[PDB]
file data.cif (mmCIF, C-alpha atoms and all ligand atoms)
data_model
#
loop_
_atom_site.label_atom_id
_atom_site.label_comp_id
_atom_site.auth_asym_id
_atom_site.auth_seq_id
_atom_site.Cartn_x
_atom_site.Cartn_y
_atom_site.Cartn_z
CA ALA A 2 90.46 91.27 79.89
CA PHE A 3 94.09 92.40 79.79
CA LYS A 4 95.23 94.13 83.01
CA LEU A 5 97.90 96.66 83.95
CA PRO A 6 100.47 94.64 85.94
CA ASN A 7 101.74 96.06 89.25
CA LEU A 8 105.39 97.16 89.21
CA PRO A 9 107.63 94.59 90.95
CA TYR A 10 109.19 97.46 93.06
CA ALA A 11 108.37 100.95 94.44
CA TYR A 12 108.09 103.83 91.92
CA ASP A 13 111.35 105.29 93.39
CA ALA A 14 113.22 101.88 93.50
CA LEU A 15 115.25 102.70 90.30
CA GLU A 16 116.57 106.13 91.48
CA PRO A 17 118.83 107.78 90.47
CA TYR A 18 118.86 105.86 87.12
CA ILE A 19 115.11 106.37 86.37
CA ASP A 20 113.21 109.07 88.27
CA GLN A 21 110.08 108.32 90.33
CA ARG A 22 107.95 110.83 88.34
CA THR A 23 108.83 109.03 85.02
CA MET A 24 108.01 105.62 86.53
CA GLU A 25 104.56 107.01 87.63
CA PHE A 26 103.71 108.57 84.21
CA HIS A 27 105.22 105.69 82.23
CA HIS A 28 103.34 102.91 84.11
CA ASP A 29 100.16 104.62 85.38
CA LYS A 30 99.48 106.70 82.17
CA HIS A 31 101.34 105.35 79.06
CA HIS A 32 101.11 101.59 79.79
CA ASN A 33 97.54 101.94 81.20
CA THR A 34 96.43 103.67 77.94
CA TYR A 35 97.74 100.71 75.84
CA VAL A 36 95.79 98.22 78.07
CA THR A 37 92.59 100.33 77.81
CA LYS A 38 92.80 100.61 74.01
CA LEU A 39 93.77 96.90 73.54
CA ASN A 40 90.72 95.83 75.63
CA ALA A 41 88.43 98.20 73.64
CA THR A 42 89.59 96.43 70.42
CA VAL A 43 89.40 92.76 71.57
CA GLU A 44 86.39 92.93 74.02
CA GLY A 45 83.62 90.59 72.74
CA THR A 46 85.88 88.95 70.07
CA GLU A 47 87.83 85.65 69.72
CA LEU A 48 91.02 87.62 70.62
CA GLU A 49 89.73 88.25 74.21
CA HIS A 50 90.81 84.60 74.94
CA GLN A 51 94.05 84.57 72.88
CA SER A 52 97.45 84.98 74.64
CA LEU A 53 99.13 88.36 74.02
CA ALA A 54 102.40 86.64 72.90
CA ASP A 55 100.46 84.51 70.38
CA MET A 56 98.60 87.50 68.84
CA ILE A 57 101.90 89.51 68.60
CA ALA A 58 103.78 86.52 67.06
CA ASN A 59 100.86 86.01 64.61
CA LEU A 60 99.84 89.61 63.94
CA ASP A 61 99.29 88.70 60.21
CA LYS A 62 96.42 86.34 61.35
CA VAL A 63 94.67 89.04 63.47
CA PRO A 64 91.52 90.14 61.59
CA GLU A 65 92.29 93.22 59.38
CA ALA A 66 89.88 95.61 61.26
CA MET A 67 91.69 94.84 64.59
CA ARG A 68 95.30 94.43 63.39
CA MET A 69 96.66 98.02 63.75
CA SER A 70 95.27 98.33 67.35
CA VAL A 71 96.63 94.86 68.31
CA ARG A 72 100.01 95.82 66.74
CA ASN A 73 100.22 99.22 68.50
CA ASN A 74 98.25 98.72 71.78
CA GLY A 75 98.97 94.98 72.10
CA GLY A 76 102.62 95.74 71.32
CA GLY A 77 102.52 98.53 73.96
CA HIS A 78 101.07 96.22 76.60
CA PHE A 79 103.48 93.36 75.73
CA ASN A 80 106.59 95.59 75.54
CA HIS A 81 105.93 97.58 78.77
CA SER A 82 104.99 94.40 80.68
CA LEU A 83 108.41 92.89 79.66
CA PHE A 84 110.22 96.18 80.46
CA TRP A 85 109.03 96.43 84.12
CA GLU A 86 110.08 92.77 84.70
CA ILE A 87 113.64 93.26 83.24
CA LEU A 88 114.38 96.28 85.50
CA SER A 89 115.45 95.75 89.14
CA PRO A 90 116.88 97.88 91.95
CA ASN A 91 119.69 95.30 92.42
CA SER A 92 121.14 94.46 89.02
CA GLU A 93 123.96 91.87 89.12
CA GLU A 94 125.53 90.54 85.87
CA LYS A 95 125.06 86.81 86.65
CA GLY A 96 123.50 83.79 84.89
CA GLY A 97 124.02 81.49 81.89
CA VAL A 98 122.78 84.27 79.59
CA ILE A 99 125.96 86.29 80.52
CA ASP A 100 128.23 83.31 79.62
CA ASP A 101 126.39 82.95 76.26
CA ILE A 102 126.61 86.75 75.60
CA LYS A 103 130.40 86.58 76.26
CA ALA A 104 130.63 83.50 73.95
CA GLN A 105 128.85 85.42 71.12
CA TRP A 106 130.37 88.96 71.54
CA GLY A 107 133.77 88.03 73.17
CA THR A 108 133.16 90.34 76.19
CA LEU A 109 130.10 91.78 77.97
CA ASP A 110 131.53 95.27 77.07
CA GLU A 111 131.45 94.41 73.28
CA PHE A 112 127.77 93.36 73.73
CA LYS A 113 126.94 96.60 75.63
CA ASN A 114 128.75 98.69 72.96
CA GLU A 115 126.65 97.13 70.12
CA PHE A 116 123.42 97.47 72.17
CA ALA A 117 124.18 101.15 72.99
CA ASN A 118 125.12 101.93 69.33
CA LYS A 119 121.78 100.45 68.12
CA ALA A 120 119.78 102.17 70.96
CA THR A 121 121.41 105.60 70.31
CA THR A 122 121.01 105.47 66.47
CA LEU A 123 117.33 104.33 66.54
CA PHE A 124 115.52 107.19 64.76
CA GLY A 125 112.15 108.25 66.26
CA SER A 126 110.23 106.05 68.76
CA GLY A 127 111.09 102.41 69.36
CA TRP A 128 112.90 99.71 71.29
CA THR A 129 116.27 97.99 71.33
CA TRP A 130 116.10 94.26 72.06
CA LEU A 131 118.29 91.31 72.88
CA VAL A 132 116.52 88.33 71.21
CA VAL A 133 116.97 84.61 70.68
CA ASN A 134 116.85 83.64 66.97
CA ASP A 135 116.92 79.81 66.47
CA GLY A 136 119.10 79.42 69.65
CA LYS A 137 121.48 82.37 68.79
CA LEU A 138 121.63 85.81 70.48
CA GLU A 139 121.07 88.98 68.32
CA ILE A 140 120.50 92.67 69.03
CA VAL A 141 117.65 94.17 66.96
CA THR A 142 115.62 97.37 67.00
CA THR A 143 111.91 97.87 66.31
CA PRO A 144 109.96 101.06 65.61
CA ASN A 145 107.06 102.33 67.78
CA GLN A 146 105.54 99.29 69.64
CA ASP A 147 106.62 96.67 67.06
CA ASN A 148 108.08 93.54 68.71
CA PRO A 149 110.56 90.95 67.34
CA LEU A 150 108.09 88.08 68.15
CA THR A 151 106.24 89.16 64.99
CA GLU A 152 109.46 88.30 63.00
CA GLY A 153 109.97 84.93 64.85
CA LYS A 154 112.56 86.17 67.41
CA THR A 155 112.00 85.88 71.19
CA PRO A 156 112.82 89.03 73.19
CA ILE A 157 114.61 88.55 76.54
CA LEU A 158 115.70 92.18 77.24
CA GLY A 159 114.36 95.49 75.88
CA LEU A 160 115.21 99.14 76.29
CA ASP A 161 112.38 101.63 75.69
CA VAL A 162 113.82 104.61 73.71
CA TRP A 163 110.52 106.45 73.27
CA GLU A 164 111.31 109.97 74.56
CA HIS A 165 108.66 109.60 77.36
CA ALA A 166 110.98 106.89 78.86
CA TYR A 167 113.86 109.34 79.53
CA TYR A 168 112.93 112.97 78.73
CA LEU A 169 112.07 114.24 82.26
CA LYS A 170 115.50 113.25 83.69
CA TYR A 171 117.77 113.15 80.57
CA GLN A 172 116.01 115.39 77.95
CA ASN A 173 117.94 114.85 74.64
CA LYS A 174 120.75 112.83 76.34
CA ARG A 175 119.58 109.34 75.32
CA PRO A 176 123.18 108.00 75.65
CA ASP A 177 123.23 108.93 79.40
CA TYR A 178 119.91 106.99 79.81
CA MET A 179 121.53 103.99 78.04
CA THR A 180 124.56 104.19 80.41
CA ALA A 181 122.17 104.36 83.44
CA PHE A 182 120.10 101.31 82.24
CA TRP A 183 123.01 98.84 82.75
CA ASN A 184 122.82 99.64 86.52
CA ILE A 185 119.15 98.41 86.72
CA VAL A 186 118.93 95.32 84.43
CA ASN A 187 117.26 92.34 86.15
CA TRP A 188 119.69 89.70 84.79
CA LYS A 189 117.81 87.04 86.91
CA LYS A 190 114.69 87.71 84.81
CA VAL A 191 116.68 88.04 81.53
CA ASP A 192 118.33 84.64 82.27
CA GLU A 193 114.87 83.05 83.06
CA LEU A 194 113.48 84.26 79.70
CA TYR A 195 116.68 83.10 77.89
CA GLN A 196 116.68 79.59 79.42
CA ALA A 197 112.96 79.21 78.36
CA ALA A 198 113.65 80.47 74.78
CA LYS A 199 117.16 79.16 73.85
CA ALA B 2 127.06 124.74 55.26
CA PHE B 3 123.58 124.50 56.79
CA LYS B 4 123.19 126.67 59.93
CA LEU B 5 120.94 126.58 63.02
CA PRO B 6 118.61 129.57 62.53
CA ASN B 7 118.03 131.94 65.47
CA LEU B 8 114.50 131.95 66.91
CA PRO B 9 112.52 135.00 65.77
CA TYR B 10 111.43 135.63 69.45
CA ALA B 11 112.79 135.20 73.02
CA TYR B 12 112.96 131.61 74.37
CA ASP B 13 110.15 132.58 76.91
CA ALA B 14 108.01 134.42 74.26
CA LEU B 15 105.58 131.47 73.82
CA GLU B 16 104.77 131.00 77.56
CA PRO B 17 102.44 129.78 78.95
CA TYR B 18 101.82 127.59 75.84
CA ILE B 19 105.37 126.25 75.33
CA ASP B 20 107.80 126.49 78.28
CA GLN B 21 111.17 128.31 77.98
CA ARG B 22 113.09 125.15 79.03
CA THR B 23 111.56 123.17 76.10
CA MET B 24 112.34 126.00 73.61
CA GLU B 25 115.96 125.88 74.85
CA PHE B 26 116.39 122.06 74.54
CA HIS B 27 114.30 121.80 71.36
CA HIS B 28 116.16 124.56 69.46
CA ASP B 29 119.66 124.52 71.03
CA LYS B 30 120.06 120.68 71.25
CA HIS B 31 117.54 118.76 69.00
CA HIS B 32 117.53 121.11 65.99
CA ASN B 33 121.28 121.78 66.35
CA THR B 34 121.97 117.99 66.25
CA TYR B 35 120.08 117.62 62.93
CA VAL B 36 122.19 120.49 61.44
CA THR B 37 125.46 118.91 62.67
CA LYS B 38 124.63 115.45 61.23
CA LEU B 39 123.21 116.85 57.94
CA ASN B 40 126.45 118.86 57.37
CA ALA B 41 128.57 115.78 58.21
CA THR B 42 126.71 113.92 55.43
CA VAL B 43 126.65 116.62 52.65
CA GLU B 44 129.83 118.72 53.20
CA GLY B 45 132.53 117.87 50.59
CA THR B 46 130.07 115.89 48.38
CA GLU B 47 128.26 116.71 45.11
CA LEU B 48 125.23 117.60 47.37
CA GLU B 49 127.14 120.31 49.34
CA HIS B 50 125.31 123.22 47.53
CA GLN B 51 121.91 121.57 46.85
CA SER B 52 118.91 123.23 48.56
CA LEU B 53 117.23 121.20 51.26
CA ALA B 54 113.68 121.67 49.80
CA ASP B 55 115.00 120.20 46.49
CA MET B 56 116.65 117.13 48.19
CA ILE B 57 113.55 116.39 50.39
CA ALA B 58 111.18 116.70 47.37
CA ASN B 59 113.54 114.41 45.40
CA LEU B 60 114.84 111.88 48.03
CA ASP B 61 114.91 109.21 45.29
CA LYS B 62 117.67 111.25 43.49
CA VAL B 63 119.76 111.56 46.70
CA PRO B 64 122.52 108.89 46.46
CA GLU B 65 121.52 105.69 48.40
CA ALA B 66 124.50 106.06 50.85
CA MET B 67 123.45 109.65 51.89
CA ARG B 68 119.64 109.18 51.65
CA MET B 69 118.76 108.14 55.25
CA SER B 70 120.73 111.09 56.73
CA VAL B 71 119.24 113.59 54.23
CA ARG B 72 115.75 112.17 54.96
CA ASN B 73 116.13 112.12 58.79
CA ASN B 74 118.58 114.96 59.55
CA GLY B 75 117.64 117.04 56.47
CA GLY B 76 113.98 116.51 57.40
CA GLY B 77 114.79 117.52 60.97
CA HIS B 78 116.44 120.78 59.79
CA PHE B 79 113.67 121.58 57.26
CA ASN B 80 110.84 120.78 59.69
CA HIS B 81 112.18 122.62 62.76
CA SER B 82 113.14 125.65 60.55
CA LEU B 83 109.50 125.89 59.39
CA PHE B 84 108.19 125.26 62.92
CA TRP B 85 110.02 128.22 64.58
CA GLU B 86 108.76 130.54 61.81
CA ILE B 87 105.05 129.52 62.16
CA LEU B 88 105.02 130.21 65.94
CA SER B 89 104.44 133.73 67.34
CA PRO B 90 103.63 135.44 70.67
CA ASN B 91 101.26 137.70 68.59
CA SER B 92 98.86 135.19 66.88
CA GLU B 93 95.85 136.69 65.00
CA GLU B 94 93.44 134.34 63.10
CA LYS B 95 93.11 136.38 59.85
CA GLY B 96 94.56 136.31 56.31
CA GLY B 97 93.73 134.77 52.92
CA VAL B 98 94.66 131.32 54.29
CA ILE B 99 92.14 131.73 57.22
CA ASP B 100 89.40 132.85 54.75
CA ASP B 101 90.18 129.81 52.49
CA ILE B 102 90.24 127.42 55.52
CA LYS B 103 86.76 128.72 56.61
CA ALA B 104 85.50 128.32 52.99
CA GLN B 105 86.82 124.72 52.74
CA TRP B 106 86.01 123.36 56.27
CA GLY B 107 82.92 125.58 56.90
CA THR B 108 84.32 126.94 60.18
CA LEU B 109 87.84 127.44 61.62
CA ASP B 110 86.67 125.19 64.54
CA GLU B 111 85.98 122.27 62.11
CA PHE B 112 89.50 122.74 60.63
CA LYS B 113 91.03 122.74 64.15
CA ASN B 114 88.99 119.61 65.11
CA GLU B 115 90.32 117.65 62.06
CA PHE B 116 93.90 118.86 62.69
CA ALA B 117 93.66 117.95 66.41
CA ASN B 118 92.21 114.48 65.67
CA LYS B 119 95.13 113.71 63.25
CA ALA B 120 97.76 115.16 65.67
CA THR B 121 96.45 113.19 68.71
CA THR B 122 96.07 109.81 66.85
CA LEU B 123 99.57 110.01 65.27
CA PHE B 124 101.32 106.90 66.68
CA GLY B 125 104.96 107.34 67.63
CA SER B 126 107.06 110.35 66.53
CA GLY B 127 105.98 112.69 63.74
CA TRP B 128 104.31 115.85 62.50
CA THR B 129 100.84 117.09 61.59
CA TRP B 130 100.74 119.36 58.53
CA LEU B 131 98.52 121.78 56.67
CA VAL B 132 99.58 121.39 53.01
CA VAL B 133 98.68 122.76 49.59
CA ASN B 134 98.05 119.89 47.13
CA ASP B 135 97.14 121.06 43.55
CA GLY B 136 95.82 124.44 44.89
CA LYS B 137 93.62 122.74 47.63
CA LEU B 138 94.29 122.56 51.40
CA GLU B 139 94.74 119.14 53.15
CA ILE B 140 95.74 117.98 56.66
CA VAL B 141 98.28 115.13 56.57
CA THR B 142 100.64 113.44 59.04
CA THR B 143 104.20 112.23 58.55
CA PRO B 144 106.29 109.93 60.71
CA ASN B 145 109.62 110.90 62.28
CA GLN B 146 111.12 113.77 60.22
CA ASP B 147 109.41 112.88 56.93
CA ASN B 148 107.91 115.87 55.09
CA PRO B 149 104.97 116.13 52.64
CA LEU B 150 107.31 117.73 49.98
CA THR B 151 108.51 114.15 49.26
CA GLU B 152 104.89 113.29 48.19
CA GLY B 153 104.50 116.56 46.14
CA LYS B 154 102.56 118.55 48.80
CA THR B 155 103.79 121.95 50.07
CA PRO B 156 103.71 122.39 53.85
CA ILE B 157 102.49 125.78 55.19
CA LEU B 158 101.91 124.87 58.90
CA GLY B 159 103.29 122.03 61.02
CA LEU B 160 102.85 120.80 64.57
CA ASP B 161 105.74 118.77 66.02
CA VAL B 162 104.29 115.84 68.07
CA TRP B 163 107.58 114.18 68.92
CA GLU B 164 107.45 113.78 72.72
CA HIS B 165 110.48 116.12 73.17
CA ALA B 166 108.22 118.95 71.89
CA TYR B 167 105.75 118.69 74.83
CA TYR B 168 106.89 116.19 77.51
CA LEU B 169 108.50 118.64 79.99
CA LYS B 170 105.26 120.68 80.42
CA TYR B 171 102.47 118.27 79.31
CA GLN B 172 103.94 114.71 79.80
CA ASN B 173 101.46 112.28 78.17
CA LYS B 174 98.76 115.03 77.65
CA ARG B 175 99.48 115.63 73.92
CA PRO B 176 95.89 116.96 73.48
CA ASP B 177 96.60 119.82 75.98
CA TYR B 178 99.70 120.75 73.89
CA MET B 179 97.53 120.75 70.71
CA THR B 180 94.99 123.05 72.54
CA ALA B 181 97.84 125.42 73.54
CA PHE B 182 99.36 125.53 70.00
CA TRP B 183 96.37 127.44 68.43
CA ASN B 184 97.24 130.40 70.75
CA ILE B 185 100.76 130.73 69.15
CA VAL B 186 100.24 130.13 65.38
CA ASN B 187 101.89 132.80 63.16
CA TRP B 188 98.99 133.06 60.65
CA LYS B 189 100.87 135.93 58.87
CA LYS B 190 103.76 133.51 58.06
CA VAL B 191 101.30 130.66 57.22
CA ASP B 192 99.53 133.07 54.81
CA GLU B 193 102.94 133.98 53.14
CA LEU B 194 103.79 130.28 52.58
CA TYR B 195 100.19 129.71 51.28
CA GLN B 196 100.22 132.63 48.76
CA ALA B 197 103.62 131.30 47.46
CA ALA B 198 102.31 127.66 47.07
CA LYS B 199 98.55 127.87 46.08
MN MN A 201 107.24 103.44 76.91
MN MN A 202 111.17 118.44 67.32
#
call {"tool": "encode", "arguments": {"input": "data.cif", "output": "structure tokens"}}
result
Amino acid sequence: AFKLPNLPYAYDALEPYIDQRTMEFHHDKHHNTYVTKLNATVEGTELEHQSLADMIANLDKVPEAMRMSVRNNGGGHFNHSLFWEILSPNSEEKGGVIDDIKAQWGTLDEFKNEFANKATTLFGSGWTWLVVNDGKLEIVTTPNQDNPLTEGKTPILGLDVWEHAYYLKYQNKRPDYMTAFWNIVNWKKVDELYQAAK
Amino acid sequence: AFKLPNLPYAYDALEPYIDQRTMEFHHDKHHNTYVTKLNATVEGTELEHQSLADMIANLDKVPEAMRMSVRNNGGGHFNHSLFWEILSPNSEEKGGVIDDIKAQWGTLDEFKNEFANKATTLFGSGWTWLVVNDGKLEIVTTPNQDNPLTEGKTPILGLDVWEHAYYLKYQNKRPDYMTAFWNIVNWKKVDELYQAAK
């Protein structure tokens, strides 16, 4: 069975960038619901012993009756699990991934400007991702709980821009949430995922 | 130009079903943003005097370069405009539309149960609608700001299930928001839109 992972930090560790109350709802309610529904779909099937990353990457091979729930609930579990691991109370812009971002975008600010533009223009619910595509870095968005793995791209950083991720503190001000996020990126984790994928 | 319509009631008129703070953000920020961006797209173009119902029903005829903004921001203006008008602090379950709902679904409760199931299973951002389709009533969902007019169905009642519509009071408990909504439906306005469409 899939399990709700513990947060790597206290619920208030990301203040004042993400509020404690949002971390509690987001993890204990939203993410938990995706795990519950994913397990209800795969329990007693071949997919109960398939890796989450493999079923997301190969969603087209998931049996038709199960595919929407694996896409939505499996995507929810995969995306939130990644999200908690790429946040940290002490974000420092260090690691090979920063050199390779600078190499691709010229400056870290040019990278952040593209990421923020894509995150702020995403219409409805979804995610903004930094991915590795055949050894090259790209920023992409996905709707709802869709994940770039399904399109053959490995995610190493994601921002959740579902309104539940930011509404209690920021309400409509998604751009202020985006600005806050740079203060709490776990670049140690992003670099680990990059070095494994590149 | 398109204009942000005034609410037909005080911002606190729908308490304790929808909180005043949500009415303020939802109307004064979210709806206003759709009006601003729709006007930025259409002002000074050959669409600057076209009605919004006509453009949404005929998105294919909207020029490719303006279509996403008309769909998303035009949808946002159309949808929220309808929404404010079908809420009321003085809801009474009577009218031709209520009689015809009871005739079609058997009971009003069976209608509400279907509507609630569609509203609570809608994945991501969107709306739940009561529509007229060739003189018959149907419940349909749309994603984001899409509208059933594009598919040739006239909307007479909509529930906004974007998270901004309910997160401040209800957080993840979308079903409690759906329960609250029945207490504030303007069945007189719904009946007007029904008589005009059936
Ligand atoms: Mn989320
Ligand atoms: Mn809305």
call {"tool": "closest_atom_pairs", "arguments": {"input": "data.cif", "of": "chain B", "to": "ligand MN 201 (chain A)", "cutoff": "12 Å", "atoms": "all atoms listed in the file", "output": "Markdown table"}}
result
| residue | atom | partner | partner_atom | distance |
| --- | --- | --- | --- | --- |
| B:125 | CA | A:MN201 | MN | 10.3 |
| B:164 | CA | A:MN201 | MN | 11.2 |
| B:173 | CA | A:MN201 | MN | 10.6 |
call {"tool": "atom_distance", "arguments": {"input": "data.cif", "atom1": "atom CA of residue 131 of chain B", "atom2": "atom CA of residue 156 of chain B"}}
result
5.9 Å
call {"tool": "residues_around", "arguments": {"input": "data.cif", "residues": "residue 142 of chain A", "least_positions_apart": "6", "cutoff": "6 Å", "atoms": "only C-alpha atoms", "output": "number ranges by chain"}}
result
A: 128-130
call {"tool": "residues_near_point", "arguments": {"input": "data.cif", "point": "(95.6, 95.2, 73.5)", "cutoff": "7 Å", "atoms": "all atoms listed in the file", "output": "VMD selection string"}}
result
chain A and resid 35 to 36 38 to 40 42 to 43 70 to 71 74 to 75 78
call {"tool": "closest_residue", "arguments": {"input": "data.cif", "among": "B:199, B:50, B:165, B:62", "to": "chain A", "atoms": "all atoms listed in the file"}}
result
B:165
call {"tool": "residues_near_ligand", "arguments": {"input": "data.cif", "ligand": "ligand MN 202 (chain A)", "cutoff": "12 Å", "atoms": "all atoms listed in the file", "output": "PyMOL selection string"}}
result
(chain A and resi 125+164+173) or (chain B and resi 23-35+73-74+76-85+126-129+144-147+159-168)
call {"tool": "closest_residue", "arguments": {"input": "data.cif", "among": "A:150, A:169, A:87, A:98", "to": "residue 186 of chain A", "atoms": "all atoms listed in the file"}}
result
A:87
call {"tool": "atom_distance", "arguments": {"input": "data.cif", "atom1": "atom CA of residue 106 of chain B", "atom2": "atom CA of residue 183 of chain B"}}
result
16.5 Å
call {"tool": "residues_around", "arguments": {"input": "data.cif", "residues": "residue 13 of chain A", "least_positions_apart": "4", "cutoff": "12 Å", "atoms": "only C-alpha atoms", "output": "short mmCIF file (atom, residue, chain, number, x, y, z; two decimals) with C-alpha atoms, in the frame of the given file"}}
result
data_model
loop_
_atom_site.label_atom_id
_atom_site.label_comp_id
_atom_site.auth_asym_id
_atom_site.auth_seq_id
_atom_site.Cartn_x
_atom_site.Cartn_y
_atom_site.Cartn_z
CA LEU A 8 105.39 97.16 89.21
CA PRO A 9 107.63 94.59 90.95
CA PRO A 17 118.83 107.78 90.47
CA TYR A 18 118.86 105.86 87.12
CA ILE A 19 115.11 106.37 86.37
CA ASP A 20 113.21 109.07 88.27
CA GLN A 21 110.08 108.32 90.33
CA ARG A 22 107.95 110.83 88.34
CA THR A 23 108.83 109.03 85.02
CA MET A 24 108.01 105.62 86.53
CA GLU A 25 104.56 107.01 87.63
CA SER A 89 115.45 95.75 89.14
CA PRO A 90 116.88 97.88 91.95
#
call {"tool": "atom_distance", "arguments": {"input": "data.cif", "atom1": "atom CA of residue 155 of chain A", "atom2": "atom CA of residue 133 of chain A"}}
result
5.2 Å
call {"tool": "decode", "arguments": {"input": "data.cif", "residues": "segment 85-120 of chain B", "atoms": "C-alpha atoms", "output": "short mmCIF file (atom, residue, chain, number, x, y, z; two decimals), in the first residue's frame"}}
result
data_model
loop_
_atom_site.label_atom_id
_atom_site.label_comp_id
_atom_site.auth_asym_id
_atom_site.auth_seq_id
_atom_site.Cartn_x
_atom_site.Cartn_y
_atom_site.Cartn_z
CA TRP B 85 -23.94 36.53 -8.66
CA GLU B 86 -27.43 36.70 -10.21
CA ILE B 87 -28.43 33.12 -9.19
CA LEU B 88 -27.52 33.69 -5.51
CA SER B 89 -29.95 35.34 -3.06
CA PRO B 90 -30.39 35.85 0.71
CA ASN B 91 -34.15 35.13 0.07
CA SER B 92 -34.14 31.63 -1.59
CA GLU B 93 -37.58 29.95 -2.09
CA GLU B 94 -37.77 26.53 -3.87
CA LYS B 95 -40.76 27.27 -6.19
CA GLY B 96 -41.32 28.23 -9.85
CA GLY B 97 -41.89 26.47 -13.20
CA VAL B 98 -38.25 25.30 -13.17
CA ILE B 99 -38.74 23.65 -9.70
CA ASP B 100 -41.97 21.94 -10.92
CA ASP B 101 -40.12 20.70 -14.08
CA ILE B 102 -37.09 19.51 -12.00
CA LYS B 103 -39.47 17.50 -9.70
CA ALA B 104 -41.22 16.05 -12.81
CA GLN B 105 -37.89 15.02 -14.43
CA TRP B 106 -35.91 13.76 -11.35
CA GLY B 107 -38.96 12.57 -9.31
CA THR B 108 -38.00 14.67 -6.27
CA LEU B 109 -35.99 17.89 -5.74
CA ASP B 110 -33.76 15.79 -3.38
CA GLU B 111 -32.83 13.41 -6.27
CA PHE B 112 -31.93 16.46 -8.43
CA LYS B 113 -29.77 17.90 -5.60
CA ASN B 114 -28.08 14.48 -5.08
CA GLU B 115 -27.08 14.25 -8.79
CA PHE B 116 -25.90 17.90 -8.82
CA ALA B 117 -23.89 17.37 -5.59
CA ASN B 118 -22.28 14.14 -6.89
CA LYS B 119 -21.12 15.94 -10.11
CA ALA B 120 -19.92 19.05 -8.16
#
